[PDB]
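1. So I pulled this structure from the PDB, and the sequence comes with it:
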Number of protein chains: 2
Amino acid sequence: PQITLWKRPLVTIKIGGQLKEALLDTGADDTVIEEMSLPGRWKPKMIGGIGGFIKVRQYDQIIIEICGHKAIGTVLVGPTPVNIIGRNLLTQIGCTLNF
Amino acid sequence: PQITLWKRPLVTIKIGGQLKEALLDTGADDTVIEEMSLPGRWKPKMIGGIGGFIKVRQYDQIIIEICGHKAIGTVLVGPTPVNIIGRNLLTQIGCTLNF
Ligand SMILES: CC(C)(C)[C@@H]1Cc2cc(F)ccc2S(=O)(=O)N(C[C@@H](O)[C@H](Cc2ccccc2)NC(=O)O[C@H]2CCOC2)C1
Ligand SMILES: [Cl-]
Ligand SMILES: [Cl-]
Ligand SMILES: [Cl-]
């Protein structure tokens, strides 16, 4: 698809069998999801945003469907205001910026 | 152009007669630039993201040249860690997400 930016680029994602709404975010290096349960071990990570840093849990090799495209990669879980699909997964679905 | 997302989508912009590096950010509703002087009136605003909120100065009807494309709109100025080109100006240059 071609997504214009007059509205937030929100899409449906599927993770852990649950449908959620997430933002396709070219300004985010990483993918960060609101609190949920994910399988396996997690590692600590600090991520910096507009107002400073938040502590998140890093889960690797997580299966996530984004707007119907399958991705498998790192998902961070923490106190984010919105579910964010960052560049680590936008590259897996073949996303580019065009003008 | 077509910009891939293996690295941060950083571009040169010209604003208030100055050249700066900025991130093309589909996840940002607004354009936020590091501290600089801009002409005209401003009003205070709070913008939120990962890590909480920052106070910024809102300048309206500001011209920015982004990759050689001229665009006019609201520019927020404040203590952002990175210069961000948000949707308000990405739409003006005809930027879309494609996959
Ligand atoms: C959350 C929300 C509400 C959608 C925020 C929306 C938002 C809306 C605005 F009008 C103005 C600013 C911002 S924001 O700028 O706050 N932001 C945009 C986001 O792309 C950000 C850019 C950025 C800011 C500072 C440093 C580096 C990059 N990346 C980010 O937090 O990456 C983190 C997130 C995961 O990867 C690293 C997220
Ligand atoms: Cl990844
Ligand atoms: Cl605007
Ligand atoms: Cl359009």
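-> Structure's in. What do you need? Numbers count the residues shown, from 1 in each chain, chains lettered A, B, ... in the order given. Ligands and ions are numbered 1, 2, ... in the order given.

2. Excluding residues flanking it in the chain, which one is nearest the residue in chain A positioned nearest to ligand 1?
-> Ligand 1 sits closest to residue A:27 of chain A, with a gap of 2.5 Å, by C-beta to the nearest ligand atom. Every C-beta, even on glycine, is put in place using the N, C-alpha and C of the backbone. Leaving aside its sequence neighbours, residue A:27 sits nearest to residue B:25 (C-beta to C-beta, 6 or more residues apart in numbering or on different chains; 3.0 Å).

3. how about that neighbour, what does it touch?
-> A:25-27, B:9, B:84-86, B:90 (C-beta atoms under 8 Å, 6 or more residues apart in numbering or on different chains).

4. One more: residue A:36?
-> Residues near residue A:36 by C-beta under 8 Å, 6+ apart: A:15-16, A:18, A:77.

5. Against residue A:84, how distant is it?
-> 14 Å (C-beta to C-beta, to the nearest Å).

6. Quick check: the two most widely separated of the contacts of residue A:36?
-> A:18 and A:77 (12.9 Å; C-beta to C-beta).

7. Among these two, which residue is more densely surrounded?
-> Shown here are residue A:18 and residue A:77; by other C-beta atoms under 10 Å in any protein chain shown, residue A:77 has more neighbours (20 against 9).

8. Show the contacting residues for the more buried one.
-> Contacts of residue A:77 by C-beta under 8 Å, 6+ apart are A:32-36, A:38, A:42, A:56-57, A:59.

9. quick one: which two of those residues are the most distant?
-> Spatially, the most separated pair among those is A:34 and A:42, at 15.1 Å (C-beta to C-beta).

10. so how many other residues sit close to residue A:15?
-> 20.

11. got the contact list for the closest residue to it other than its chain neighbours?
-> In space, and not counting its chain neighbours, residue A:15 is closest to residue A:64: 4.7 Å by C-beta to C-beta, 6+ apart. Neighbour list for residue A:64: A:13-15, A:31, A:70-73, A:75, A:89 [criterion: C-beta under 8 Å, 6+ apart].

12. how much space between residue A:64 and ligand 3?
-> Per C-beta to the ion, to the nearest Å, residue A:64 is found 33 Å from ligand 3.

13. so how far is the helix or strand hosting that residue off the chain centroid?
-> Here residue A:64 sits within strand A:52-66, counting by DSSP states H and E. With C-alpha atoms, centre = their mean, to the nearest Å as the basis, strand A:52-66 stands 7 Å off its chain's centre.

14. Equivalent analysis for stretch A:37-52, please.
-> 11 Å.

15. Write out the residues of chain A neighbouring chain B.
-> With the criterion set to C-beta under 8 Å from any C-beta of the partner chain, chain A comes near chain B through A:1-6, A:8-9, A:23-29, A:32, A:47-54, A:67, A:69, A:80-81, A:84, A:87, A:90-91, A:93-99.
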